[PDB]
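A single chain, nothing else alongside it, follows as structure tokens in the form deposited in one PDB entry.
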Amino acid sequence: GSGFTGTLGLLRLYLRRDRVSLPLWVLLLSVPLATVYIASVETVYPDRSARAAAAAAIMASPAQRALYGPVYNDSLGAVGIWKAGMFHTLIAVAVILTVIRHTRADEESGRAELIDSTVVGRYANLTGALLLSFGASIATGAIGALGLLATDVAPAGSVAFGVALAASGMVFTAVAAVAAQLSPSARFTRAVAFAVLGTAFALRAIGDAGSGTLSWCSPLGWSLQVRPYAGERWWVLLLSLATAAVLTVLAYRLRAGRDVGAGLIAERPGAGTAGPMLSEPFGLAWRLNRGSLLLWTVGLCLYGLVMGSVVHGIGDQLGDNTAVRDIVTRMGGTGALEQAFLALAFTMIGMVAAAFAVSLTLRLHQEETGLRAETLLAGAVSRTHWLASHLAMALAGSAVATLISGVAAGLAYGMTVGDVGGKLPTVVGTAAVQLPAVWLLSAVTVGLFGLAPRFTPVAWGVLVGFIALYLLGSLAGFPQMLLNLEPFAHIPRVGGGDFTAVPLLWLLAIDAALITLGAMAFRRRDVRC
């Protein structure tokens, strides 16, 4: 009987509890490297003279260098792996969630007092979670390295990139393990870990856009100073490992002087009464949603600000029929690529805003299935006064997260060119004309919630189902009749001629009809709980 007894049993339990979520992000984060990034770069940039130009173009744009990082030479690997520098961030996100799912938010639920009343040691749970996360990171690194070794690149750089990707996940596994010991609340620990990740990312980006000395002071940044395909600095790797080791030790110490229930931070009281604004199922929805609106709005505004700078410069450092004058001329504005690229770039923001609008409407299904809709509707609340307080939030939140993004992109474009009073109205209109398409997947979700509540989450599968028709229908073969079954293709284009405004009406009518049926079919529906 040791302090580590029951580690393998707990590890087996943790694998089952997420036997489907783990392989998805292990594969979806490692296999789409050699089949998506290097393949596309080889297609677009055939020879060396077309790659030196791209590298020199990247070196004259801090707004584009800070997001991904520098390019040190013009080889196929170094240019094709540049945009993969975001993976180092994504994997970190993943591992953080995993740890906080299995160590905290398992004590908070009360299950890790029932588990600790069986034959398990004091340190079995933390060790099991650490083993799971370290193994997942090593596995995704190995699969990525194999996939890259199955292509035409330097064989000594694929290994370096795989090891860097593994180490960047191990370090943040360690930081998540340390953060899980700090507060009784899982939300607080998630916030702390993500704050550390965010400040690391910002400290990396500031250094990449400038001299480069500051980027050495961030765990992200140690990963891309290994420089795969550009002359590898191997000694950087054991500069991350050491860090992880230290943090891991600290985690165990913070567990050795703690009780199972909670420890190390007290929470904040503060509201003994309800202010004049919590009396309605409209104020309660505002309280339940404001944080997510803030997060999504900031993210979309920042992404639009990033995309606004790139629009000018693409017109020169791209084109010349480098295999982009064929897909941009179809998906985009069919003309001046400075406007075609803008029209193509705002469709991605529209898709992200649609994904945003789906969540605030699934909040309704979460409320009902949590046995709180019965508590609300057992009062003097109309059945349509409720469900008009989450629909309003979804519509009016996705209608501002897109307009703010358009404003940011317009400001960036105007400053880059020098004239802002000309580009800003057109960019704002381009952002605005995407709303009728984004208000589906809210109309659709409401339609499902009221005819078949249990099949409400399939509204995710619809959204993805639309996206695959946009890409795999315009990037591949099409009968032109299977591509007319998505709302993002019919969005007209602002600026110049051939603005029709007819599809907007046909989408607004469908939105209104779907919402009307989803509301009429819900007020004659037995509240199923």
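In case it trips you up, residue 1 is the first one in the sequence shown, and so on.
What comes next is about the form deposited in another entry, which is not displayed.
Both residue 115 and residue 1 fall in a single rigid part of the chain as it moves between the shown form and the other one.
Annotation: residue 303/residue 200 CA-CA distance shorter in that other deposited form than in the displayed model, change of at least 3 Å.
Annotation for the pair residue 74/residue 303: C-alpha atoms recede from each other in that other deposited form, by 3 Å or more compared with this form.
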